[PDB]
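Enquirer: So that we are looking at the same thing, I have put the structure below in structure tokens.
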Protein chains: 2
Amino acid sequence: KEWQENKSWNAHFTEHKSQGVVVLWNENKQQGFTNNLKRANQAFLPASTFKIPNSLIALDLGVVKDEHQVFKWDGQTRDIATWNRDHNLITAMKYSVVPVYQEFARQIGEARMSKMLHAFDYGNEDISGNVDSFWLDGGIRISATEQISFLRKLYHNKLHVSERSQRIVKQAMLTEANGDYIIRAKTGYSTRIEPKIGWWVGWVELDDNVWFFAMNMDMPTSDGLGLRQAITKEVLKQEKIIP
Amino acid sequence: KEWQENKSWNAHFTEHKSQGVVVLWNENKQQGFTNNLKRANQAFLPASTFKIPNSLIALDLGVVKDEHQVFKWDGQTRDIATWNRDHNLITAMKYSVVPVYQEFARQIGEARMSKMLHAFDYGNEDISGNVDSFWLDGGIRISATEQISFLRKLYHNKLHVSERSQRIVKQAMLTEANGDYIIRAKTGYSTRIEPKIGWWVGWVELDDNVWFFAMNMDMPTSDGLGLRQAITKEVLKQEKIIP
Ligand SMILES: O=C(O)c1cc(-c2ccncc2)cc(-c2ccncc2)c1
Ligand SMILES: O=C(O)c1cc(-c2ccncc2)cc(-c2ccncc2)c1
Ligand SMILES: [Cl-]
């Protein structure tokens, strides 16, 4: 009743000779759907999907004042051109600007970071590793279904940070909007520790329902990153959630 | 020069056998642009663009608890099908649901509505007429440049309501988002007093600037309503604000 497996969605992965999981949660009906119940519960490094809780914590502690505060480029040229510039919270989430969030994490510090992930009930709650890289190559692990549980709390302003912090992070998560739906989401790409995977987690707002989603997929090269959104959207289309 | 007139935009109205004004404001440069300085400063009924201030006031007074509160359809069949359903603040804005906002206005009441529009410096601040219809056929008037002035305060959380109220209304204004821009805006259609006009007011968020806009145009029939957005976007494209 609560979770239903739809193996027909595997066709959207084998289409591209790829492997992964899409997890959906119908908020109105309190019912979940996935192509792979086991992998839906397999826990991986969050990689840049960790920017959602990191943002919440940085805002609630005042490390980030608001979504307009500028974090200046430190002058080090990195391999991702969009990182080599000034950012605010909105553009730092849009371009997954790791070095900006590493500064947040150092200012938050290990103790507060650990306590807040416990308060959030986030994944395995384990920040072992460098305080500014554990979500990329440390001990923290989270599954797609755990991502959904966390996102539902955020959607409902039920996380143990201020309402304001939650509203700002949901603004920064804005990814796509049109007359048919709004998507608030965050991508991730885990490359430092095997298995290399891509993530996309968030939700689709409709007029009268919300569909939460979390997907990950094997990602041996960066060439396939667009499949994170494309496969998710094929599932959403199949299930008549978006046109 | 603070204000510049660009009459070449008139071609975008003439193309459609129309007349109107677009007003743009470059926030970084503090410079404004319009095709018609006179009409930019002529005042019209706000019609449904009034849902921006009405939302703010309803939220700040607690008439509306939050963006999820459901305003049940009163069961009176109206001729706009999307009005014959339950709404929250988000969908009421999206579908310009007049009867929901009329009830907001009744609960706000004349005295508080008047005081708040003065605090907002909103248009001619005149609510003469019926409290449940003055933005459709009463004495209130606002120009395109006055819409920009009000919207800039909202963007900066500088209106005399809480930050929370302003964030909620800006969420409810969300109209379009993609990798290139975000538009937050509200349409309007004034038919009860001549000249009948259409409005579109809001702003375009870019990575490193905001462009505020306010347009109105003659609208003898509802068949032309899509020109509000189409003409605005042609101006935005011409000025290399959006691709
Ligand atoms: O989520 C992404 O879309 C993405 C994330 C990263 C990244 C995130 C965190 N630590 C390192 C890299 C890198 C890239 C990328 C794009 C093109 N060519 C190479 C890499 C894309
Ligand atoms: O875009 C508009 O400005 C507009 C759109 C609708 C509408 C929304 C959804 N489905 C159909 C029409 C209704 C109205 C309206 C405003 C005031 N008095 C009556 C009608 C105006
Ligand atoms: Cl938003």
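Numbering starts fresh at 1 for the residues of each chain in the structure tokens, the chains themselves are lettered A, B, ... in the order given, and ligands are numbered from 1 as they appear.
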Using only C-alpha atoms and all ligand atoms, what table do you get, as a Markdown table, when you list each residue of chain A with an atom no more than 8 Å from ligand 1, its nearest pair of atoms, and their distance in Å rounded to one decimal, rows by chain then rising number?

Expert:
| residue | atom | partner | partner_atom_place_in_ligand_line | distance |
| --- | --- | --- | --- | --- |
| A:47 | CA | ligand 1 | 9 (C) | 6.4 |
| A:48 | CA | ligand 1 | 9 (C) | 5.7 |
| A:80 | CA | ligand 1 | 20 (C) | 6.9 |
| A:95 | CA | ligand 1 | 2 (C) | 7.6 |
| A:96 | CA | ligand 1 | 8 (C) | 6.0 |
| A:97 | CA | ligand 1 | 8 (C) | 7.4 |
| A:98 | CA | ligand 1 | 9 (C) | 5.9 |
| A:136 | CA | ligand 1 | 10 (N) | 7.1 |
| A:187 | CA | ligand 1 | 1 (O) | 4.9 |
| A:188 | CA | ligand 1 | 1 (O) | 4.5 |
| A:189 | CA | ligand 1 | 1 (O) | 5.0 |
| A:190 | CA | ligand 1 | 9 (C) | 6.8 |
| A:191 | CA | ligand 1 | 11 (C) | 7.1 |
| A:198 | CA | ligand 1 | 1 (O) | 7.4 |
| A:199 | CA | ligand 1 | 1 (O) | 7.8 |
| A:222 | CA | ligand 1 | 19 (C) | 5.6 |
| A:223 | CA | ligand 1 | 18 (N) | 7.5 |
| A:225 | CA | ligand 1 | 3 (O) | 6.2 |
| A:226 | CA | ligand 1 | 3 (O) | 7.8 |

Enquirer: Pull out every residue of chain B that has at least one atom within 7 Å of chain A, counting only C-alpha atoms, and report them as a PDB file with N, CA, C and O atoms, in the first residue's frame.

Expert:
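Saved file part34.pdb follows:
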ATOM      1  N   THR B  91      -2.511  29.609  -6.013  1.00  0.00           N
ATOM      2  CA  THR B  91      -3.372  29.396  -7.164  1.00  0.00           C
ATOM      3  C   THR B  91      -4.326  30.577  -7.388  1.00  0.00           C
ATOM      4  O   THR B  91      -4.702  30.846  -8.524  1.00  0.00           O
ATOM      5  N   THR B 175       6.172  33.359 -11.835  1.00  0.00           N
ATOM      6  CA  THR B 175       5.505  33.138 -13.117  1.00  0.00           C
ATOM      7  C   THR B 175       6.292  32.242 -14.044  1.00  0.00           C
ATOM      8  O   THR B 175       5.718  31.366 -14.682  1.00  0.00           O
ATOM      9  N   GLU B 176       7.604  32.420 -14.116  1.00  0.00           N
ATOM     10  CA  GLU B 176       8.414  31.645 -15.036  1.00  0.00           C
ATOM     11  C   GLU B 176       9.817  31.531 -14.466  1.00  0.00           C
ATOM     12  O   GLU B 176      10.328  32.475 -13.857  1.00  0.00           O
ATOM     13  N   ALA B 177      10.430  30.375 -14.647  1.00  0.00           N
ATOM     14  CA  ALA B 177      11.822  30.211 -14.259  1.00  0.00           C
ATOM     15  C   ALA B 177      12.487  29.183 -15.156  1.00  0.00           C
ATOM     16  O   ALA B 177      11.929  28.109 -15.442  1.00  0.00           O
ATOM     17  N   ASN B 178      13.714  29.512 -15.562  1.00  0.00           N
ATOM     18  CA  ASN B 178      14.534  28.594 -16.316  1.00  0.00           C
ATOM     19  C   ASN B 178      15.991  28.902 -15.995  1.00  0.00           C
ATOM     20  O   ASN B 178      16.295  29.683 -15.082  1.00  0.00           O
ATOM     21  N   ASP B 207      21.367  36.508 -13.024  1.00  0.00           N
ATOM     22  CA  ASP B 207      22.395  36.133 -12.057  1.00  0.00           C
ATOM     23  C   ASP B 207      22.940  37.352 -11.314  1.00  0.00           C
ATOM     24  O   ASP B 207      23.303  37.256 -10.134  1.00  0.00           O
TER      25      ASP B 207
END

Enquirer: Mind the document's chain letters and residue numbers, and return as an MDAnalysis selection string the residues of segment 124-242 of chain B that DSSP labels alpha helix (DSSP H).

Expert: chainID B and resid 134:137 144:155 163:172 227:238

Enquirer: In Å, how far is it from atom CA of residue 192 of chain B to atom CA of residue 137 of chain B?

Expert: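 Separating atom CA of residue 192 of chain B from atom CA of residue 137 of chain B is a distance of 5.8 Å.
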
Enquirer: Produce the least-squares-superposed copy of chain B, fitted on chain A over all in-order C-alpha pairs, as a tab-separated table (two decimals) with C-alpha atoms, in the first residue's frame.

Expert:
chain	number	residue	atom	x	y	z
B	1	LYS	CA	-0.39	0.09	-0.33
B	2	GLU	CA	2.02	2.72	0.94
B	3	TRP	CA	4.85	1.75	-1.43
B	4	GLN	CA	4.59	0.38	-4.95
B	5	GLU	CA	7.37	-0.84	-7.22
B	6	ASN	CA	6.98	-0.01	-10.93
B	7	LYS	CA	9.72	-1.76	-12.86
B	8	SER	CA	8.53	-0.34	-16.19
B	9	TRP	CA	10.49	2.83	-15.37
B	10	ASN	CA	13.64	0.73	-15.77
B	11	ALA	CA	13.20	1.19	-19.51
B	12	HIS	CA	14.04	4.88	-19.12
B	13	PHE	CA	17.43	3.90	-17.67
B	14	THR	CA	18.05	1.01	-20.10
B	15	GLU	CA	17.36	3.36	-23.03
B	16	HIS	CA	20.57	5.14	-22.05
B	17	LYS	CA	22.61	2.06	-21.09
B	18	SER	CA	22.28	3.30	-17.51
B	19	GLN	CA	21.09	2.03	-14.12
B	20	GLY	CA	19.48	3.93	-11.29
B	21	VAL	CA	16.45	4.62	-9.16
B	22	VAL	CA	13.66	7.17	-9.20
B	23	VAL	CA	11.53	7.57	-6.05
B	24	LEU	CA	8.27	9.54	-6.17
B	25	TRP	CA	6.02	10.54	-3.28
B	26	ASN	CA	2.46	11.74	-3.84
B	27	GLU	CA	1.87	14.11	-0.92
B	28	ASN	CA	-1.94	14.19	-1.13
B	29	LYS	CA	-2.25	10.41	-1.18
B	30	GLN	CA	0.75	9.62	1.06
B	31	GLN	CA	1.91	6.97	-1.39
B	32	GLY	CA	5.34	6.29	-2.79
B	33	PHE	CA	6.48	4.75	-6.06
B	34	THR	CA	9.85	3.48	-7.26
B	35	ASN	CA	11.42	1.26	-9.90
B	36	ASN	CA	13.84	-0.39	-7.44
B	37	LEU	CA	12.88	-0.80	-3.78
B	38	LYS	CA	16.38	-1.99	-2.81
B	39	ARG	CA	18.28	0.85	-4.47
B	40	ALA	CA	15.68	3.36	-3.21
B	41	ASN	CA	16.98	2.47	0.26
B	42	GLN	CA	20.73	2.25	-0.50
B	43	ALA	CA	22.75	5.15	0.86
B	44	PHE	CA	25.24	7.18	-1.15
B	45	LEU	CA	27.37	10.24	-0.63
B	46	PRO	CA	25.03	13.27	-0.98
B	47	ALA	CA	27.62	15.32	-2.85
B	48	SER	CA	26.12	18.67	-3.88
B	49	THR	CA	22.61	17.70	-2.73
B	50	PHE	CA	24.16	18.50	0.67
B	51	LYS	CA	23.96	22.16	-0.32
B	52	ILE	CA	20.31	22.05	0.86
B	53	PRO	CA	21.07	21.29	4.54
B	54	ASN	CA	24.32	23.27	4.43
B	55	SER	CA	22.41	26.35	3.23
B	56	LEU	CA	19.80	25.92	5.96
B	57	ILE	CA	22.39	25.66	8.72
B	58	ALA	CA	24.49	28.56	7.41
B	59	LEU	CA	21.42	30.80	7.31
B	60	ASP	CA	20.05	29.79	10.68
B	61	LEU	CA	23.40	30.41	12.40
B	62	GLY	CA	23.93	33.70	10.64
B	63	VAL	CA	26.95	32.49	8.68
B	64	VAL	CA	24.91	33.65	5.68
B	65	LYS	CA	22.91	36.82	6.32
B	66	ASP	CA	20.48	36.49	3.39
B	67	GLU	CA	20.27	35.43	-0.24
B	68	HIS	CA	21.93	38.66	-1.46
B	69	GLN	CA	25.14	38.48	0.58
B	70	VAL	CA	28.07	38.26	-1.82
B	71	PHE	CA	30.74	35.59	-1.34
B	72	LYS	CA	33.67	37.01	-3.25
B	73	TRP	CA	35.74	34.69	-5.42
B	74	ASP	CA	39.04	33.91	-3.66
B	75	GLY	CA	40.89	34.50	-6.92
B	76	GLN	CA	42.02	30.89	-7.32
B	77	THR	CA	41.36	29.70	-10.84
B	78	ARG	CA	39.31	26.51	-10.76
B	79	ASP	CA	38.33	24.39	-13.74
B	80	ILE	CA	34.61	25.29	-13.67
B	81	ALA	CA	34.42	28.77	-15.17
B	82	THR	CA	31.23	29.75	-13.33
B	83	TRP	CA	33.03	29.17	-10.03
B	84	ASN	CA	35.63	31.87	-10.86
B	85	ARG	CA	33.27	34.71	-9.96
B	86	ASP	CA	31.41	36.27	-7.07
B	87	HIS	CA	28.28	34.43	-5.89
B	88	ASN	CA	25.32	34.80	-3.59
B	89	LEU	CA	23.28	31.95	-2.16
B	90	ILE	CA	21.04	31.79	-5.24
B	91	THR	CA	23.82	31.58	-7.80
B	92	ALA	CA	26.02	29.36	-5.58
B	93	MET	CA	23.19	26.84	-5.51
B	94	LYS	CA	22.50	27.21	-9.24
B	95	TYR	CA	26.14	26.56	-10.24
B	96	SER	CA	26.86	24.06	-7.38
B	97	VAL	CA	29.77	26.22	-6.23
B	98	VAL	CA	31.64	23.86	-3.92
B	99	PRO	CA	34.27	26.32	-2.62
B	100	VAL	CA	31.62	28.76	-1.36
B	101	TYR	CA	29.95	25.94	0.58
B	102	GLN	CA	33.26	24.65	1.91
B	103	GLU	CA	33.80	28.01	3.58
B	104	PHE	CA	30.24	27.84	4.97
B	105	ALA	CA	31.09	24.49	6.51
B	106	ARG	CA	34.32	25.78	8.09
B	107	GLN	CA	32.43	28.67	9.69
B	108	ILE	CA	29.64	26.37	10.91
B	109	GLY	CA	32.22	24.02	12.41
B	110	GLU	CA	32.09	20.32	13.20
B	111	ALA	CA	30.14	20.50	16.46
B	112	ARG	CA	27.28	22.63	15.14
B	113	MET	CA	27.17	20.78	11.82
B	114	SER	CA	26.84	17.44	13.59
B	115	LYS	CA	24.17	18.67	16.01
B	116	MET	CA	22.12	20.18	13.17
B	117	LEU	CA	22.24	17.07	10.96
B	118	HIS	CA	20.96	15.06	13.92
B	119	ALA	CA	18.18	17.61	14.47
B	120	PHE	CA	17.32	17.24	10.76
B	121	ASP	CA	17.35	13.42	10.97
B	122	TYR	CA	19.53	13.73	7.85
B	123	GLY	CA	20.81	10.47	6.40
B	124	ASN	CA	23.30	8.64	8.58
B	125	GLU	CA	24.06	11.99	10.31
B	126	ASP	CA	27.79	11.11	10.17
B	127	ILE	CA	30.21	13.97	9.40
B	128	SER	CA	33.39	11.93	9.82
B	129	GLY	CA	36.08	13.23	7.53
B	130	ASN	CA	37.09	16.79	6.87
B	131	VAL	CA	34.58	19.45	7.83
B	132	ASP	CA	35.12	21.19	4.48
B	133	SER	CA	34.65	18.06	2.36
B	134	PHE	CA	32.76	15.30	4.22
B	135	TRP	CA	29.75	15.41	1.83
B	136	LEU	CA	32.17	14.68	-1.04
B	137	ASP	CA	34.51	12.10	0.48
B	138	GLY	CA	33.70	11.59	4.19
B	139	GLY	CA	31.35	9.26	6.02
B	140	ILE	CA	27.97	10.90	5.41
B	141	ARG	CA	25.48	8.84	3.43
B	142	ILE	CA	21.82	9.28	2.45
B	143	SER	CA	19.34	7.16	0.45
B	144	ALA	CA	16.71	8.37	-2.02
B	145	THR	CA	13.89	7.62	0.43
B	146	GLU	CA	15.78	9.50	3.15
B	147	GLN	CA	16.12	12.48	0.79
B	148	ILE	CA	12.33	12.48	0.33
B	149	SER	CA	11.79	12.37	4.12
B	150	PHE	CA	14.07	15.38	4.60
B	151	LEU	CA	12.57	17.32	1.68
B	152	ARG	CA	9.03	16.80	2.98
B	153	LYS	CA	10.01	18.40	6.28
B	154	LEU	CA	11.55	21.33	4.40
B	155	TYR	CA	8.45	21.76	2.24
B	156	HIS	CA	6.27	21.92	5.37
B	157	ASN	CA	8.68	24.23	7.29
B	158	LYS	CA	9.03	21.46	9.86
B	159	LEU	CA	12.80	21.35	10.11
B	160	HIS	CA	14.38	22.62	13.32
B	161	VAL	CA	15.51	25.94	11.87
B	162	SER	CA	13.53	29.12	11.44
B	163	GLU	CA	10.71	29.44	8.92
B	164	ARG	CA	12.75	32.20	7.27
B	165	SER	CA	15.73	29.91	6.75
B	166	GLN	CA	13.50	27.30	5.12
B	167	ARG	CA	11.77	29.82	2.84
B	168	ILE	CA	15.13	31.22	1.69
B	169	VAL	CA	16.50	27.79	0.85
B	170	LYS	CA	13.33	26.82	-1.02
B	171	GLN	CA	13.69	30.02	-3.04
B	172	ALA	CA	17.31	29.10	-3.77
B	173	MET	CA	16.17	25.64	-4.92
B	174	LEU	CA	13.99	27.12	-7.64
B	175	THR	CA	14.89	25.32	-10.86
B	176	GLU	CA	12.00	25.58	-13.30
B	177	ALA	CA	8.61	27.24	-13.44
B	178	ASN	CA	5.92	27.53	-16.06
B	179	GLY	CA	2.14	27.55	-16.28
B	180	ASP	CA	2.00	23.81	-15.59
B	181	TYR	CA	4.40	23.18	-12.70
B	182	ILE	CA	7.18	24.49	-10.47
B	183	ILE	CA	10.28	22.43	-9.74
B	184	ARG	CA	12.43	23.10	-6.69
B	185	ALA	CA	15.41	20.77	-6.63
B	186	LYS	CA	19.15	20.28	-6.31
B	187	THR	CA	21.54	18.26	-8.45
B	188	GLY	CA	24.51	16.29	-7.21
B	189	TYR	CA	27.47	14.45	-8.69
B	190	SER	CA	29.52	12.09	-6.49
B	191	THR	CA	32.86	10.99	-7.95
B	192	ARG	CA	35.31	10.61	-5.04
B	193	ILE	CA	34.02	7.28	-3.75
B	194	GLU	CA	32.64	4.42	-5.80
B	195	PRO	CA	30.17	3.98	-7.33
B	196	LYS	CA	30.18	7.37	-9.06
B	197	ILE	CA	26.58	8.57	-9.19
B	198	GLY	CA	24.43	11.51	-10.15
B	199	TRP	CA	21.57	12.81	-8.00
B	200	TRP	CA	18.51	14.93	-8.55
B	201	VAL	CA	16.24	15.55	-5.54
B	202	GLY	CA	13.36	17.97	-5.03
B	203	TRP	CA	9.70	18.28	-5.77
B	204	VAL	CA	7.13	19.29	-8.39
B	205	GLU	CA	4.45	21.77	-7.29
B	206	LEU	CA	1.08	21.47	-9.05
B	207	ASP	CA	-2.03	23.55	-8.46
B	208	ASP	CA	-3.47	21.00	-6.02
B	209	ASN	CA	-0.69	18.51	-5.14
B	210	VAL	CA	3.04	18.16	-4.62
B	211	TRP	CA	5.12	15.28	-5.94
B	212	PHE	CA	8.44	14.78	-4.17
B	213	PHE	CA	11.21	13.04	-6.05
B	214	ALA	CA	14.68	11.69	-5.48
B	215	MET	CA	16.72	9.92	-8.12
B	216	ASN	CA	20.25	8.67	-8.44
B	217	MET	CA	21.95	6.88	-11.27
B	218	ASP	CA	25.33	5.44	-12.15
B	219	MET	CA	27.54	8.14	-13.66
B	220	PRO	CA	30.90	6.84	-14.86
B	221	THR	CA	31.64	10.10	-16.68
B	222	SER	CA	30.33	13.64	-16.64
B	223	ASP	CA	28.97	13.20	-20.21
B	224	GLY	CA	25.78	11.66	-18.79
B	225	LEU	CA	24.87	14.33	-16.26
B	226	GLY	CA	21.93	15.68	-18.28
B	227	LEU	CA	20.28	12.27	-17.92
B	228	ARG	CA	19.54	13.04	-14.30
B	229	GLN	CA	16.81	15.50	-15.25
B	230	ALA	CA	15.89	13.85	-18.54
B	231	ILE	CA	15.13	10.46	-17.03
B	232	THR	CA	13.27	11.98	-14.08
B	233	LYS	CA	11.11	13.99	-16.45
B	234	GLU	CA	10.34	10.91	-18.56
B	235	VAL	CA	9.08	9.17	-15.42
B	236	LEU	CA	7.06	12.25	-14.47
B	237	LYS	CA	5.56	12.35	-17.97
B	238	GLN	CA	4.73	8.63	-17.90
B	239	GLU	CA	2.85	9.11	-14.63
B	240	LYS	CA	0.95	12.13	-16.03
B	241	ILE	CA	2.46	14.44	-13.39
B	242	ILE	CA	3.78	16.86	-16.01
B	243	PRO	CA	2.71	17.15	-19.68

Enquirer: Please report, as a ChimeraX atom specification, each residue of segment 2-226 of chain A to which DSSP assigns strand (DSSP E or B) when run on this structure's backbone.

Expert: /A:3-5,20-26,31-34,43-44,71,87,142-143,174-177,182-190,197-205,210-218
